[PDB]
Amino acid sequence: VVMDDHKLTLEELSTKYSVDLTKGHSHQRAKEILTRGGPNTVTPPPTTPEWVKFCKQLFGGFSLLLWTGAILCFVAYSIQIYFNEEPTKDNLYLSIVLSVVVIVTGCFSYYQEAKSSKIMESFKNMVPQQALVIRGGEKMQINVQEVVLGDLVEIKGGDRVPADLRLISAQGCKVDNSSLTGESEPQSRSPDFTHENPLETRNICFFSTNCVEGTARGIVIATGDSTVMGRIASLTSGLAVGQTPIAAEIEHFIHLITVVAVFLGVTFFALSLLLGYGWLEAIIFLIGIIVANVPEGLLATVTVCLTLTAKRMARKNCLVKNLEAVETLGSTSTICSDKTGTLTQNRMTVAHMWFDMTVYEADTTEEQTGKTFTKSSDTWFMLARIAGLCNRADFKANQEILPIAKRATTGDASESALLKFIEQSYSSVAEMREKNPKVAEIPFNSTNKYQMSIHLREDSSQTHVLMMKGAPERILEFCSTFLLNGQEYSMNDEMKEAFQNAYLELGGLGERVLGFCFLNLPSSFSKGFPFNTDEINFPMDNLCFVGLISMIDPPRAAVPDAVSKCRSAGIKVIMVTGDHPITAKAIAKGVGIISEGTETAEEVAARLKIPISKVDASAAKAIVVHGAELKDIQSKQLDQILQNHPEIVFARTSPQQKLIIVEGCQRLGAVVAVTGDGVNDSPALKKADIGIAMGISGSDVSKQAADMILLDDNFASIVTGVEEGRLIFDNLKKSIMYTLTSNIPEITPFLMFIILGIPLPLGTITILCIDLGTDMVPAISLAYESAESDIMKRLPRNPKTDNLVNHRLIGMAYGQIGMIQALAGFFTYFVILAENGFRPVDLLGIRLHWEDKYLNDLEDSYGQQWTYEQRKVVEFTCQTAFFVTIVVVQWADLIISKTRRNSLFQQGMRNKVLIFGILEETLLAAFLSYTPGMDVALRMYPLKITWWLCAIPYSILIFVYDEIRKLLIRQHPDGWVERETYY
Amino acid sequence: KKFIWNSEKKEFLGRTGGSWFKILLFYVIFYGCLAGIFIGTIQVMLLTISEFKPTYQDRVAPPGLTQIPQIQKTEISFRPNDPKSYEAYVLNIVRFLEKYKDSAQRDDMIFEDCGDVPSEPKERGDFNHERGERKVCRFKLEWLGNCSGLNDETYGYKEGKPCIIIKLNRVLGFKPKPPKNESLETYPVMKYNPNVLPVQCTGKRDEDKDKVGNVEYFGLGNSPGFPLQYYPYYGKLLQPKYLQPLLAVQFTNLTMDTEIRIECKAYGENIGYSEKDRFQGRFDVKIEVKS
Ligand SMILES: C[C@@H]1CC[C@@]2(OC1)O[C@H]1C[C@H]3[C@@H]4CC=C5C[C@@H](OCCC(CO[C@H]6O[C@H](CO)[C@@H](O[C@H]7O[C@H](CO)[C@@H](O)[C@H](O)[C@H]7O)[C@H](O)[C@H]6O)CO[C@H]6O[C@H](CO)[C@@H](O[C@H]7O[C@H](CO)[C@@H](O)[C@H](O)[C@H]7O)[C@H](O)[C@H]6O)CC[C@]5(C)[C@H]4CC[C@]3(C)[C@H]1[C@@H]2C
Ligand SMILES: CCCCCCCC/C=C\CCCCCCCC(=O)OC[C@H](COP(=O)(O)OCC[N+](C)(C)C)OC(=O)CCCCCCC/C=C\CCCCCCCC
Ligand SMILES: C[C@@H]1O[C@@H](O[C@H]2C[C@@H](O)[C@]3(CO)[C@H]4[C@H](O)C[C@]5(C)[C@@H](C6=CC(=O)OC6)CC[C@]5(O)[C@@H]4CC[C@]3(O)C2)[C@H](O)[C@H](O)[C@H]1O
Ligand SMILES: CC(C)CCC[C@@H](C)[C@H]1CC[C@H]2[C@@H]3CC=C4C[C@@H](O)CC[C@]4(C)[C@H]3CC[C@]12C
Ligand SMILES: [Mg+2]
Ligand code: NA
C-alpha cells in the first residue's frame with residue numbers, strides 16, 4: 001500500500017491511520033487490528049503433499065503410453081480367458097511387467113527430485129525475526145508477525161525492515177535495496193518526498209530490505225501480502241508452470257510411435273480378416289501388434305540418462321530441481337539476466353587508484369585471478385598504510401577458509417572495501433594496526449566529509465602520525481604538499497589540476513572516489529601527549545597528499561568469459577535490471593553484453609551530429625531501454641525492439657516489466673533462460689523456460705521459483721549446462737534410435753506367424769528378455785558418447801523444426817536397420833528348423849497342424865513323425881536362437897549408433913561403458929541359454945556352437961551399410977542421403 | 001500439423017511427386033537387395049543339408065507312441081446301440097488302414113515278404129542313393145485279428161469291444177532295442193522274443209485296473225509289440241510307400257457307463273519317457289462305453 005503515502009503530509013499521515021507520531025498505537029488497538037486484519041506474513045506458495053508428487057511422476061506422456069499398453073494387454077487377456085480354451089498368460093505377463101516398469105521409473109524420478117528438494121530445504125533456514133514498535137509509549141520487541149497497519153516502528157543499522165514504512169524521523173539512514181530494486185549501493189533515507197515513484201522516493205522503506213546504518217522511525221503503511229514483496233509473491237504465484245522443451249519432444253515422439261503402431265495394427269487387422277481368421281482373433285492380433293510397438297524399456301533409459309546428466313551437473317555445484325530441466329539450456333536461444341547480484345558481485349570493491357601521476361587498475365576478481373599493478377614505489381606503501389589504518393573496519397569471526405573478498409567485515413561498505421583491498425594487496429591489516437596502535441579516533445561524519453586519525457608510527461620514531469581520508473575536494477584544501485615518489489614535494493600548478501583531471505575521470509565512471517593524507521607530527525608530542533578532538537592540540541594543516549582510491553560494484557570473475565561463450569554459441573544475452581541506466585550500460589560494456597565498438601542511436605546521433613530520426617538503423621546495434629518507456633510500449637513495439645537490436649539493455653525495470661520482457665521473448669518463438677537472485681527476479685524466473693537462481697546471493701522466493709540453483713554462484717556453470725544439454729539431446733537421439741531398431745525383429749515373427757502360418761519364431765518371454773534385459777545397458781551407455789564436433793559452435797536448435805525424433809529416425813530404425821535385423825533372426829530360425837528336419841517350404845501353412853495338441857505324429861520333410869511337445873521344444877529352441885541372434889546383431893547396431901555423422905575410425909572406442917554393456921548383454925544371453933533349469937522356468941534351451949555364428953554376416957552387413965551411409969553424408973553435405981537419413 | 005493431404009506446392013503428405021518417387025525407389029531397391037541376400041543365405045545353408053538324413057535327431061528321438069482312431073482329447077465315448085456314435089471312429093480307422101490292404105501292396109519292385117515271424121532289423125544299405133529306392137516289407141491286415149476290418153467292418157464298436165491300432169512314430173535310422181533278458185516288468189507277457197519291442201496296455205489308476213476287462217493283442221507273432229524287421233526306416237525319399245508295423249488292441253470286457261483311463265507303454269533300451277511329453281514312449285486313452 002505505497003500508492004500515495006509518500007506524497008502525504010505529516011498531518012494527513014496521522015489522520016489517515018488515526019495515530020499520533022510520537023506515542024504510537026494504543027496497546028489494545030494493536031491487538032484489535034491484529035485480530036481484524038491478520039498477521040504480518042506473506043502467504044507462502046502452496047505446498048503439494050508427497051503422494052501428489054509421486055502420482056505426478058507416475059503419469060505423463062511416456063508413462064501414459066505404457067499404461068495404455070498394459071490396459072490393452074489386460075483386455076486381450078480377458079477376452080482370451082472368456083472365449084478361448086486354455087489361453088496362455090502372455091498378455092497377463094505383459095500387463096504386470098508394463099505396470100511394474102512404470103511404477104519403478106516413477107519411484108526413481110521421485111527419489112531424485114526429493115533428494116534435490118531435501119537439499120534445498122536444508123539450505124533454507126528460519127530464525128525468529130522481531131521488530132521494534134513504539135506501542136504503549138515505550139519500546140517493545142514484538143514478533144514480526146504482530147506488526148499492524150499504522151504501527152510506529154524504529155529501525156536501526158543491521159535491522160531488517162519489518163514492513164513497508166513511511167519514514168517520519170531519520171538520522172543518516174541507509175538501506176540495501178539491491179534484492180528488491182537492483183540498486184547495489186546503499187540508499188539514503190530522508191523523511192521527505194523526493195520522487196513520484198514509490199520505489200524511488202527516499203521517504204519509503206520496504207519489507208525484506210536491510211537497514212545498513214543510522215536510525216529512523218516510520219509508520220507501517222503495508223502489512224503482509226499488501227507489501228511490495230507480497231504483491232510480487234502473488235504475481236509469481238499466479239503464473240502457470242509451462243512445458244519444458246524436452247517434454248514437448250517426448251510428446252511428439254509418442255505421437256509418432258502411436259501413429260506407426262495404430263497404422264500397422266489396423267493394416268494387419270484388415271489382412272487377418274481377409275485371410276479368414278475371425279473378428280475375435282483379429283482383435284487379439286490388433287492388440288498384440290499395437291502393444292509390440294511400445295518401447296517399455298526406453299522410459300527407464302531416458303530417465304537414467306537424465307539422472308546421469310543431473311548428477312554430472314551436481315558434481316559441479318549446479319542443482320536441478322527436476323530431471324527435465326537438465327536439457328533446457330541446450331535448447332536456449334535467449335538469456336535474460338539481472339545485473340546486481342547476478343552478473344555483478346553486489347559488493348563495493350576498489351577499482352582504480354591515482355598516485356605518482358599514474359592511474360592504476362585494481363584486481364576486482366573475488367579470487368584475485370587478474371592483473372596486478374605497480375607496487376614498487378614507497379608512495380604505494382604510504383597509501384596502503386593510510387587506507388588500512390584509518391579504516392575502523394575489521395573481519396568478523398572465522399572467515400579464514402573463505403577468500404578475502406568473500407569474507408565478512410564490520411563497518412561501512414567503503415571501509416570494508418578498503419580493508420579487503422589493503423589485505424589482499426599490501427599485507428595483513430591486523431598486523432599493520434598492531435604495529436601502529438591508535439591514540440585519537442575522530443570518527444567520520446557527513447558534514448566534515450573526512451576521517452582524521454592518529455597512530456603510533458611503526459618506524460620506531462616514538463612519535464605519532466596523523467592520517468586523514470575523506471572527499472578528494474575536501475582533503476585537498478588541507479594538504480599543501482603531495483608525494484610523487486616518496487619525495488615530499490610542494491603544491492605546484494600542475495599538482496592542483498591533475499588532481500581535478502583524475503577526480504573527474506574516476507568520478508566519471510560512476511565510482512566513489514576518496515582522498516588520503518598524512519602529516520607525520522613533530523616530535524614535541526612524544527608518546528603520551530593528550531590528544532583532544534574538541535580543540536586544536538594537534539596541527540591540521542599542510543597535510544601530505546598521497547593518492548586517490550575509487551570503488552564500484554564489479555562483475556563476477558567468470559561472467560565476461562561466460563557471456564562471450566554464450567554469444568559464440570548463438571545465444572542472445574539481454575540484460576534486464578532495476579538499476580540506473582548508466583550503471584547498467586557500464587556493466588553491459590564490461591561483461592560483453594554490449595560488444596566493443598557497438599554504439600547506440602543516442603551515441604551515433606552525438607557523433608554524426610544528427611537528430612535521432614536521421615540516425616540510420618544499421619550502426620545502432622545496441623539499445624538501452626528505460627523502464628519508464630516500457631509503461632507506454634505495446635506488444636508490437638516491444639517485438640520491434642526485441643527483433644531489431646542484437647544487444648539490448650533494459651534498465652529501471654520492475655518485476656512486472658521483467659515478466660513482460662520474458663513473455664515477449666517467448667512470444668517470438670524463443671526458449672528463454674533467466675538468471676536472477678533478488679525478489680524482483682522471481683516472476684521472470686518462474687515464467688522462464690529455465691530459471692536459474694544464485695545459491696548464495698539469491699533470495700528464498702527466487703530460489704523457490706527457479707528450476708536450477710548455482711550453489712557456489714559460479715556463472716561458468718551456464719556454459720557447461722548449455723554444452724551438457726546439447727550433448728544429452730544428441731545422445732538421446734542415438735539411444736532412441738538403438739532402442740527402436742530392435743522393434744522390427746520383435747514384431748515381424750508374429751506378423752509372419754499370422755500371414756504365413758509358420759511356427760512362431762519369437763516369444764513373449766524372449767521379447768521381454770530383450771527389452772528389459774540385453775538392451776538396457778547398451779542403451780544407457782550411449783549417454784556417455786562424446787560430441788562428434790564442436791557443439792558450442794552450433795546455433796540453437798529450432799524447436800518448431802528440429803525434433804528429437806522425426807521421420808528420418810523412424811525410416812532408419814524401422815525401414816532399414818530393423819529389417820536387416822529381422823532377416824537375420826529368420827535366417828537362424830530356418831537353419832535350425834531345417835537341421836532338425838523341417839525344410840523352409842514345408843513350414844508354410846503348417847500352423848493348424850503344428851499347434852494341435854492332440855496331433856502327435858506330425859510328419860517332417862524326411863517322413864519322421866513328431867509329438868506336440870517335441871516340436872514345441874524345437875520351436876522354443878528356435879525362439880532362443882532368435883533372441884541370441886537379435887543380441888548379436890545389436891552389437892553392430894550399438895557400434896553404428898555411437899556416431900550420427902562420423903566414422904567409427906574417427907570417433908574411436910573410448911566409451912568403456914559401451915564395451916561393458918556389450919560384454920554384459922552377451923553374458924546375459926549366454927546365461928539364459930545354458931543355465932540348468934532354464935528350460936522349465938523359461939522356455940529357453942541350449943544352443944549349438946554354429947547357431948551363434950548365423951548372425952555374423954548380417955552384423956557385418958549392418959556395419960558396412962552404416963559406414964557407407966555416413967561416408968556419403970560426410971562427402972555430400974545437404975545432399976539427398978543427409979536429408980533422408982541423418983536423424 | 002494436421003492439414004498435409006494436399007497443398008499449393010503440389011506436396012502430397014509433405015513431399016512432391018519427385019521426392020515420393022525418389023524415396024519409394026530407394027526403398028524398392030533396398031528391399032530387393034535384402035531379399036536377394038536372404039535368398040542367397042538360405043540357399044547356401046540348404047546346400048549343407050543332406051537330402052537323405054536330418055542333421056540332428058536328439059529332438060525327435062526317442063519316438064512317440066500314438067494310436068488310431070485319431071481322437072479329440074484322448075477320449076473314446078460311444079454307444080454301441082447308436083451306430084452314429086462311433087461312425088467317426090470307424091471312418092478314421094478305415095481311412096488309416098486303406099494303404100494296408102493286400103491289393104495296395106502288389107508291386108513286387110516296391111514290396112517284399114519279410115517273413116511271418118518276428119525277425120532282426122534289415123540293413124538295406126547306407127543313407128544315400130547308391131542303390132536307388134529301398135524295398136518295403138509287407139504288412140498283412142490279417143495280423144490284426146478281430147481288429148483287421150476284413151470280417152467286422154466296425155472293429156468291435158458295434159459289439160461294444162473297441163479296437164485301437166498302436167503305432168510307433170517313424171524316426172530315420174532308428175532301430176528299437178528290446179529290453180535285455182526280460183528285465184523290464186512282469187505280466188502275462190510273452191516277453192521272450194528278442195525281435196519284438198514289447199507293448200503293454202494297463203489301467204492308469206488302481207480303480208481302472210479293476211474295471212478294464214480282458215485286453216487282446218493282435219499283431220505279428222504271439223508277443224505283443226512291434227516286429228524288428230521293419231527297422232530302420234530310411235525316410236520318405238528312399239522308402240516311399242513304407243508301412244510301419246501295427247499292433248491292434250481290443251478291449252473285450254470293459255465295464256459300461258464308466259470312463260476308463262488306460263495307459264499303453266512301450267519298453268526298450270532306447271525307448272524313453274517324460275513327464276512333460278505324455279506321448280513319448282507311451283500314451284493315455286480314456287474309453288467310455290455307454291449302455
Ligand atoms: C533388474 C532387471 C529388471 C528386468 C528383468 O531382469 C532384471 O526382471 C526379470 C523378471 C522376469 C520375469 C519374472 C517372472 C516371469 C514369470 C514366468 O512364468 C513362466 C512359467 C512357465 C511355466 O512353467 C512350466 O509350464 C508348464 C507347466 O505345466 C510346463 O509344461 C510341460 O510340463 C507339464 C508337466 O509338468 C506338461 O503338462 C506340459 O504338457 C509340458 O509342456 C513347462 O515345461 C514349464 O516351463 C511358462 O511356460 C509357458 O511359456 C510360454 C509362455 O507364454 C508358453 O508358450 C506359449 O507362448 C509362446 C510364445 O510366447 C508360443 O510359442 C507357445 O506356442 C505358447 O504355448 C508355454 O507353452 C508355457 O510352457 C515367465 C517369465 C517372467 C514374466 C519373467 C520375464 C523376464 C523378466 C521380466 C526379467 C527382466 C529382464
Ligand atoms: C551390400 C553392400 C554393403 C552395403 C552398401 C550400401 C551402400 C549404400 C548405403 C547407404 C547410402 C545411402 C543409400 C544409397 C544412396 C545412393 C545414391 C546417392 O548416393 O545419391 C547421390 C544422388 C545425387 O547426389 P545428391 O542427391 O547429393 O545431390 C543432388 C540433390 N538432388 C537429388 C537431391 C536434389 O542422389 C540420388 O540420386 C537420390 C536418388 C536415388 C535414390 C535411390 C538410390 C538407390 C540406391 C541404393 C539403395 C541401397 C542399395 C544397397 C542396399 C544394400 C542392402 C543392405
Ligand atoms: C491364431 C491364434 O494363434 C495363437 O495365438 C496368438 C495370439 C495370442 O494367443 C498370443 C498369446 O497371448 C500372442 C499375443 O496375442 C500377442 C503377443 C503378446 C504380442 C506381443 C509381444 C510384445 O512384446 O508385445 C505384444 C506378439 C505375439 C504375442 O507374443 C503372443 C504370441 C503367442 C500367441 O498365442 C499367438 C494361438 O495358437 C491361438 O490359440 C490361435 O487362436
Ligand atoms: C563371434 C563370437 C565373438 C561369438 C561369441 C562366441 C562365444 C563368446 C559364445 C558362442 C558360443 C557360446 C558357448 C556355447 C557352448 C557353451 C557350453 C555351455 O555348457 C556353456 C556356455 C558355452 C561355453 C558358450 C560360451 C559363450 C559362447 C556364447
Ligand atoms: Mg539482482
Ligand atoms: Na521456469
# chains A, B, ... in the order shown; residues from 1 in each chain; ligands from 1
$ residues_around --residues "region 279-285 of chain B" --least-positions-apart "5" --cutoff "9 Å" --atoms "only C-alpha atoms" --output "PyMOL selection string"
(chain A and resi 856+867-870) or (chain B and resi 61-67+73-76+168+199+204+260-267+271-274)
$ write_last_selection --atoms "C-alpha atoms" --output "CSV table (one decimal), in the first residue's frame"
chain,number,residue,atom,x,y,z
A,856,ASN,CA,1.3,-86.3,-32.0
A,867,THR,CA,4.9,-85.3,-31.0
A,868,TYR,CA,3.4,-81.9,-30.0
A,869,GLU,CA,5.9,-81.5,-27.1
A,870,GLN,CA,8.9,-82.4,-29.3
B,61,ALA,CA,14.3,-89.4,-30.6
B,62,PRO,CA,13.1,-91.3,-28.5
B,63,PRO,CA,10.0,-91.8,-30.7
B,64,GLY,CA,6.4,-91.2,-29.5
B,65,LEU,CA,3.6,-93.7,-29.2
B,66,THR,CA,0.3,-92.9,-30.8
B,67,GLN,CA,-3.0,-94.7,-31.5
B,73,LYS,CA,-9.0,-85.3,-26.2
B,74,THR,CA,-7.7,-88.9,-25.7
B,75,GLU,CA,-11.4,-89.8,-25.3
B,76,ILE,CA,-13.4,-92.6,-26.9
B,168,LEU,CA,5.5,-96.1,-33.2
B,199,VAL,CA,4.0,-103.0,-25.7
B,204,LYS,CA,-4.0,-96.0,-15.3
B,260,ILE,CA,-11.8,-95.9,-18.1
B,261,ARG,CA,-8.3,-94.4,-18.1
B,262,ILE,CA,-5.8,-96.7,-19.9
B,263,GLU,CA,-2.0,-96.4,-20.3
B,264,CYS,CA,-0.3,-98.2,-23.2
B,265,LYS,CA,3.5,-98.3,-22.8
B,266,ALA,CA,6.4,-99.5,-25.0
B,267,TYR,CA,9.5,-101.0,-23.5
B,271,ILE,CA,12.7,-96.2,-25.5
B,272,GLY,CA,12.3,-93.3,-23.0
B,273,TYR,CA,9.6,-91.5,-21.2
B,274,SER,CA,9.0,-88.0,-20.0
$ residues_near_ligand --ligand "ligand 2" --cutoff "7 Å" --atoms "only C-alpha atoms and all ligand atoms" --output "list in words"
residues 957, 958, 960, 961, 962, 964, 965, 968, 972, 975, 976 and 977 of chain A; 22, 23, 25, 26, 27, 29, 30, 33 and 34 of chain B
$ write_last_selection --atoms "C-alpha atoms" --output "compact mmCIF listing (two decimals), in the first residue's frame"
# COMPACT_ATOMS: atom_id res chain seq x y z
CA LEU A 957 26.31 -56.04 -43.39
CA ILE A 958 24.79 -53.59 -40.90
CA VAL A 960 29.27 -51.75 -43.69
CA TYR A 961 25.93 -50.23 -44.72
CA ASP A 962 26.02 -47.64 -41.94
CA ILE A 964 28.98 -46.19 -46.31
CA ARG A 965 25.87 -44.14 -45.47
CA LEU A 968 28.14 -40.34 -48.21
CA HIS A 972 27.76 -34.60 -49.70
CA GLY A 975 22.56 -33.95 -50.13
CA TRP A 976 19.80 -36.48 -50.62
CA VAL A 977 21.32 -39.02 -48.22
CA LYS B 22 12.94 -41.00 -55.12
CA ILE B 23 12.17 -42.29 -51.62
CA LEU B 25 12.62 -46.10 -55.49
CA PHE B 26 15.25 -46.17 -52.75
CA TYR B 27 13.15 -48.45 -50.56
CA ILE B 29 15.95 -51.18 -54.39
CA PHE B 30 16.92 -51.64 -50.73
CA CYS B 33 18.73 -56.27 -52.29
CA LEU B 34 17.74 -57.52 -48.83
$ residues_near_ligand --ligand "ligand 5" --cutoff "9 Å" --atoms "only C-alpha atoms and all ligand atoms" --output "list in words"
residues 178, 179, 180, 181, 182, 183, 184, 337, 338, 339, 340, 341, 342, 343, 344, 346, 577, 578, 675, 676, 677, 678, 679, 680, 681, 697 and 698 of chain A
$ write_last_selection --atoms "N, CA, C and O atoms" --output "short mmCIF file (atom, residue, chain, number, x, y, z; two decimals), in the first residue's frame"
data_model
loop_
_atom_site.label_atom_id
_atom_site.label_comp_id
_atom_site.auth_asym_id
_atom_site.auth_seq_id
_atom_site.Cartn_x
_atom_site.Cartn_y
_atom_site.Cartn_z
N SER A 178 19.07 -3.76 -2.92
CA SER A 178 19.56 -4.49 -4.09
C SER A 178 18.66 -5.68 -4.43
O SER A 178 18.41 -5.96 -5.60
N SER A 179 18.17 -6.38 -3.41
CA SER A 179 17.31 -7.53 -3.67
C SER A 179 15.96 -7.12 -4.25
O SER A 179 15.39 -7.85 -5.07
N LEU A 180 15.44 -5.97 -3.84
CA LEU A 180 14.11 -5.53 -4.27
C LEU A 180 14.13 -4.63 -5.49
O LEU A 180 13.24 -4.73 -6.34
N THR A 181 15.12 -3.74 -5.61
CA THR A 181 15.15 -2.78 -6.70
C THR A 181 16.32 -2.96 -7.66
O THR A 181 16.28 -2.40 -8.76
N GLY A 182 17.35 -3.71 -7.28
CA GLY A 182 18.51 -3.88 -8.12
C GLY A 182 19.57 -2.80 -8.00
O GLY A 182 20.44 -2.71 -8.86
N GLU A 183 19.52 -1.99 -6.95
CA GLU A 183 20.50 -0.93 -6.71
C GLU A 183 21.55 -1.44 -5.73
O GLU A 183 21.22 -1.77 -4.59
N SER A 184 22.80 -1.51 -6.19
CA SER A 184 23.85 -2.13 -5.38
C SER A 184 24.23 -1.26 -4.18
O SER A 184 24.36 -1.76 -3.06
N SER A 337 19.22 -11.82 -18.17
CA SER A 337 19.96 -11.82 -16.90
C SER A 337 19.79 -10.52 -16.12
O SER A 337 19.78 -9.49 -16.76
N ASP A 338 19.66 -10.60 -14.80
CA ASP A 338 19.65 -9.48 -13.96
C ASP A 338 21.04 -9.02 -13.90
O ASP A 338 21.92 -9.74 -14.02
N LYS A 339 21.32 -7.82 -13.42
CA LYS A 339 22.71 -7.38 -13.20
C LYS A 339 23.14 -7.52 -11.74
O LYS A 339 23.98 -8.35 -11.51
N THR A 340 22.58 -6.75 -10.82
CA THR A 340 23.03 -6.69 -9.42
C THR A 340 22.88 -8.04 -8.74
O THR A 340 21.76 -8.58 -8.73
N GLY A 341 23.98 -8.56 -8.23
CA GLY A 341 23.98 -9.85 -7.56
C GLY A 341 24.06 -11.03 -8.48
O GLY A 341 24.27 -12.09 -8.00
N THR A 342 23.90 -10.86 -9.77
CA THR A 342 23.84 -11.98 -10.73
C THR A 342 25.07 -11.88 -11.62
O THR A 342 25.92 -12.69 -11.48
N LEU A 343 25.17 -10.85 -12.43
CA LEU A 343 26.35 -10.61 -13.29
C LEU A 343 27.41 -9.92 -12.45
O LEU A 343 28.55 -10.01 -12.76
N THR A 344 26.99 -9.26 -11.40
CA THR A 344 27.87 -8.46 -10.53
C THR A 344 27.95 -9.13 -9.17
O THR A 344 27.12 -9.91 -8.86
N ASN A 346 27.67 -7.61 -6.39
CA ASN A 346 26.83 -6.89 -5.42
C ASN A 346 27.63 -6.52 -4.18
O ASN A 346 27.17 -6.68 -3.05
N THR A 577 17.53 -5.18 -15.70
CA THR A 577 17.90 -4.76 -14.35
C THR A 577 17.00 -3.62 -13.91
O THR A 577 16.44 -2.89 -14.72
N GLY A 578 16.87 -3.48 -12.59
CA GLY A 578 16.17 -2.37 -11.98
C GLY A 578 17.04 -1.21 -11.59
O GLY A 578 16.58 -0.32 -10.86
N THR A 675 18.40 -15.64 -15.44
CA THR A 675 19.29 -15.73 -14.29
C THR A 675 19.06 -14.51 -13.41
O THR A 675 19.16 -13.37 -13.88
N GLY A 676 18.74 -14.75 -12.14
CA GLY A 676 18.49 -13.67 -11.20
C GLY A 676 18.67 -14.15 -9.78
O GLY A 676 18.75 -15.35 -9.51
N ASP A 677 18.75 -13.20 -8.87
CA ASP A 677 18.94 -13.55 -7.46
C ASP A 677 17.94 -12.89 -6.53
O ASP A 677 17.53 -13.50 -5.54
N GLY A 678 17.55 -11.64 -6.80
CA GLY A 678 16.69 -10.91 -5.89
C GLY A 678 15.23 -11.28 -6.04
O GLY A 678 14.83 -12.05 -6.91
N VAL A 679 14.42 -10.69 -5.16
CA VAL A 679 12.98 -10.93 -5.21
C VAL A 679 12.36 -10.33 -6.46
O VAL A 679 11.28 -10.76 -6.88
N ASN A 680 13.01 -9.34 -7.08
CA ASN A 680 12.48 -8.73 -8.29
C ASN A 680 12.66 -9.61 -9.52
O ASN A 680 12.16 -9.25 -10.59
N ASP A 681 13.34 -10.75 -9.39
CA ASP A 681 13.52 -11.68 -10.49
C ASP A 681 12.60 -12.89 -10.41
O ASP A 681 12.58 -13.70 -11.35
N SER A 697 23.80 -15.49 -3.15
CA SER A 697 23.20 -14.17 -3.14
C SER A 697 21.69 -14.19 -3.39
O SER A 697 21.03 -13.17 -3.18
N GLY A 698 21.14 -15.31 -3.84
CA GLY A 698 19.73 -15.37 -4.15
C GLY A 698 18.85 -15.34 -2.92
O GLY A 698 19.25 -15.70 -1.81
#
$ residues_around --residues "region 43-53 of chain A" --least-positions-apart "6" --cutoff "12 Å" --atoms "only C-alpha atoms" --output "compact mmCIF listing (two decimals) with N, CA and C atoms, in the first residue's frame"
# COMPACT_ATOMS: atom_id res chain seq x y z
N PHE A 59 2.34 -40.44 -13.79
CA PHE A 59 1.67 -40.10 -15.03
C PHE A 59 2.55 -39.16 -15.85
N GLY A 106 8.76 -44.21 -12.00
CA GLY A 106 8.23 -43.12 -11.21
C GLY A 106 8.89 -43.01 -9.85
N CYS A 107 9.13 -44.16 -9.20
CA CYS A 107 9.83 -44.15 -7.92
C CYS A 107 11.22 -43.56 -8.05
N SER A 109 12.43 -41.41 -10.37
CA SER A 109 12.39 -39.97 -10.61
C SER A 109 11.97 -39.21 -9.36
N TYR A 110 10.97 -39.73 -8.64
CA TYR A 110 10.53 -39.10 -7.40
C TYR A 110 11.65 -39.05 -6.38
N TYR A 111 12.43 -40.13 -6.27
CA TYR A 111 13.54 -40.15 -5.33
C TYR A 111 14.58 -39.09 -5.66
N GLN A 112 14.93 -38.96 -6.94
CA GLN A 112 15.91 -37.94 -7.32
C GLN A 112 15.41 -36.54 -6.99
N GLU A 113 14.16 -36.24 -7.35
CA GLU A 113 13.64 -34.90 -7.11
C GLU A 113 13.45 -34.63 -5.62
N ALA A 114 13.12 -35.66 -4.84
CA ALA A 114 13.02 -35.49 -3.39
C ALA A 114 14.39 -35.23 -2.77
N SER A 117 15.01 -31.60 -3.43
CA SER A 117 14.16 -30.80 -2.55
C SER A 117 14.67 -30.80 -1.12
N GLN A 145 5.39 -10.86 13.00
CA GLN A 145 4.05 -11.15 12.50
C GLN A 145 2.97 -10.33 13.20
N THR A 223 1.23 -4.27 5.14
CA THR A 223 1.46 -5.40 6.02
C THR A 223 1.18 -6.70 5.27
N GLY A 224 2.07 -7.67 5.44
CA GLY A 224 1.85 -8.99 4.85
C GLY A 224 1.83 -8.94 3.34
N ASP A 225 0.77 -9.51 2.76
CA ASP A 225 0.63 -9.61 1.31
C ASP A 225 0.41 -8.26 0.64
N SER A 226 0.10 -7.22 1.40
CA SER A 226 -0.08 -5.89 0.83
C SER A 226 1.24 -5.16 0.61
N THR A 227 2.34 -5.69 1.12
CA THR A 227 3.65 -5.10 0.91
C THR A 227 4.09 -5.29 -0.54
N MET A 229 6.82 -6.71 -1.56
CA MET A 229 7.25 -8.10 -1.73
C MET A 229 6.06 -9.04 -1.84
N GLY A 230 5.01 -8.80 -1.06
CA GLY A 230 3.85 -9.67 -1.10
C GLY A 230 3.13 -9.64 -2.43
N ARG A 231 3.06 -8.46 -3.06
CA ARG A 231 2.45 -8.36 -4.37
C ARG A 231 3.28 -9.07 -5.43
N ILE A 232 4.61 -8.98 -5.33
CA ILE A 232 5.48 -9.75 -6.21
C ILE A 232 5.24 -11.24 -6.01
N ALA A 233 5.07 -11.67 -4.76
CA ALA A 233 4.82 -13.08 -4.48
C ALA A 233 3.50 -13.54 -5.07
N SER A 234 2.46 -12.71 -4.97
CA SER A 234 1.18 -13.07 -5.57
C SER A 234 1.29 -13.14 -7.09
N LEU A 235 2.02 -12.20 -7.69
CA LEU A 235 2.24 -12.23 -9.13
C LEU A 235 2.96 -13.50 -9.55
N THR A 236 3.97 -13.91 -8.79
CA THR A 236 4.67 -15.16 -9.07
C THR A 236 3.73 -16.35 -8.93
N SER A 237 2.91 -16.36 -7.88
CA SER A 237 2.02 -17.49 -7.63
C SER A 237 0.93 -17.60 -8.68
N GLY A 238 0.57 -16.50 -9.33
CA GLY A 238 -0.46 -16.52 -10.33
C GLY A 238 -0.02 -16.96 -11.71
N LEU A 239 1.20 -17.48 -11.85
CA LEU A 239 1.75 -17.85 -13.15
C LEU A 239 1.67 -19.36 -13.37
N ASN A 322 14.42 -30.69 -11.07
CA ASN A 322 13.69 -31.71 -11.80
C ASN A 322 14.57 -32.21 -12.94
N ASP A 700 15.07 -16.42 -1.02
CA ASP A 700 14.34 -17.67 -0.89
C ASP A 700 13.25 -17.80 -1.95
N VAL A 701 12.54 -16.71 -2.25
CA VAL A 701 11.47 -16.78 -3.23
C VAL A 701 12.02 -17.05 -4.63
N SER A 702 13.14 -16.41 -4.98
CA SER A 702 13.73 -16.65 -6.29
C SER A 702 14.28 -18.07 -6.40
N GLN A 704 13.02 -20.60 -4.84
CA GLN A 704 11.84 -21.44 -4.99
C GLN A 704 11.31 -21.40 -6.42
N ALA A 705 11.34 -20.22 -7.04
CA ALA A 705 10.80 -20.09 -8.39
C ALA A 705 11.72 -20.70 -9.44
